[PDB]
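In the block that follows, a single chain appears as structure tokens, in the form deposited in one PDB entry.
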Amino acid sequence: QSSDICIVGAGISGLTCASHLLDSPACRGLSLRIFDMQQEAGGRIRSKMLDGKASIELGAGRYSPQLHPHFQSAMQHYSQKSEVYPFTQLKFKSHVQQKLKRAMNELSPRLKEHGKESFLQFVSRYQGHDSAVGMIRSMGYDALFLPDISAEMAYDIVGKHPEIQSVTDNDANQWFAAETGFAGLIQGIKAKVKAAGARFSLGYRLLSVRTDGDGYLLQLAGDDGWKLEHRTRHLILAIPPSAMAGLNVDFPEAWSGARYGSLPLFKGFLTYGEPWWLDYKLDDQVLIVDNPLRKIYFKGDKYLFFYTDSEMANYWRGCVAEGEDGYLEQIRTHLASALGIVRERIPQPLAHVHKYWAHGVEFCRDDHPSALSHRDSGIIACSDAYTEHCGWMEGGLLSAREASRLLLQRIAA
């Protein structure tokens, strides 16, 4: 098993690296092998058909052409149709959400001096700690309570998420979803690189790598235990920092002066025999609540879902572990209390799907190149986490641009 070029990771980053390399005249005649530990490409892009009826996004779900121009361009390039993503305003504005908008405006002159303190400590200047907790909780993203998220970071974060962007008057961002699922873009890239001669080995997990003369020897394991050795001349690891850390490549110290973190994410989707929420004018609305569901979305008349992070993602995953019936009963209870509705008036679902992402969002904990190189071995690393767009598909696209240029440089050396 040998190749000129090897890419480990068949998410949007790795597949886009492959696209850029195969487009280069400098890679004519070179063989390209792509590994992924999963049996399908896409990584944290994961589209499914809910009850075989509606397409849902278990992973990445939305993008903005204003914020994410490379993604918009890729959707157009592969003829993937977009649709409006409807969850961009908060119709049922609560007092504490209105208050946070006022507080963030009133406090903004203090960002120059005090903007490096935590968002929680900063917002506490408005009316005290307790009022700040109530206000921040109403944004629905529990990461905003982290001590390491500064006020200046949080102001940026709030303005780039569609549900809460009005809180910093960032309403000019439009938000789109995929008409057929972002998996269609993944499959478009995969089919393009395969037509250009890439060979795919899905279901193989890279365990270790070592330099082999001017190349590398990779040790992988199939998901049935089969041990595989692969030799390559040039290597991109298009996997996130948590995955790099599981390898034997001295990540992160040999690659940058930075530390990386991650947070868990959870999504749950439910579909019902009737669109019972139409009676309450909830179609295409999102509710943000002081309640373990946190963010509750009603998609037209098709389905509902909720989206949580950090401790509440872990709460829902623990519930799942205790059993399906208790999990569905807990959703029913929290929906009733969020909607001010009789628990009996919330029906039971016909079908549901959920997904827990242990490292759903990854990020640098601290300047930083968009792709990295191992100081000794020349292996290249590619991930949204190395960019200003960490946690967005746009970031993978940007990292892929840099990673492909670094690999071309090595090839031409």
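Take the two forms, superpose them, and find the largest set of C-alpha atoms that agree within 1.5 Å; that set is the rigid core. One rule holds for the numbers: they count along the sequence shown, beginning at 1.
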Item to complete: Could you bin the unmodelled part of the deposited chain lying between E344 and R345 as none, 1 to 3, 4 to 9, or 10 or more?
Response: none
Worksheet item: Out of 89-97 and 113-121, which stretch has the higher average CA B-factor listed in the record?
Response: 89-97
Practice prompt. Mind pulling up the entry and telling me whether 167-175 or 208-216 has the higher mean Cα temperature factor?
Written response: 208-216
Worksheet, complete the sentence: Listed options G378, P65, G42, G59: highest C-alpha B factor recorded at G378
Discussion item. Sorting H129, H230, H77, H161 by Cα temperature factor from the record, which one lands on top?
Written reply: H230
Worksheet entry | Third of chain Cα B-factors occupied by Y303 | middle
Response to the item:
By the entry's values, the third containing the CA B factor of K355 is the lowest
Worksheet, complete the sentence: By the entry's values, the third containing the CA B factor of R294 is the lowest
Practice prompt. Would you mind ranking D23 by its C-alpha B-factor against the rest of the chain and naming the third, lowest, middle or highest?
Written response: highest
Worksheet item: Hey, what third does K190 fall into on Cα B-factor, ranked over its chain?
Response: middle
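One more form of this protein exists, namely the form deposited in another entry; it is left out here, but the text below deals with it.
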Discussion item. Which residue of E106, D224, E274, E229 is the mover here, meaning its C-alpha shifts by 2 Å or more between this form and the one not shown once both are aligned on the rigid core?
Written reply: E106
Item to complete: With both forms fitted on the core, give yes or no for whether the Cα of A151 moves by 2 angstroms or more between this form and the one not shown.
Response: yes
Discussion item. So that I can tell if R343 moves, could you say whether its C-alpha shifts by at least 2 Å between this form and the one not shown after the core superposition?
Written reply: no
Worksheet item: Comparing between this form and the one not shown on the rigid core, is the C-alpha shift at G115 2 Å or larger?
Response: yes
Fill in: Change in CA distance between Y260 and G115 in the other entry, which is 3 Å or more, as closer or farther
closer
Discussion item. So the CA-CA distance for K116 and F251 moves by at least 3 angstroms in the other entry. Closer or farther than here?
Written reply: closer
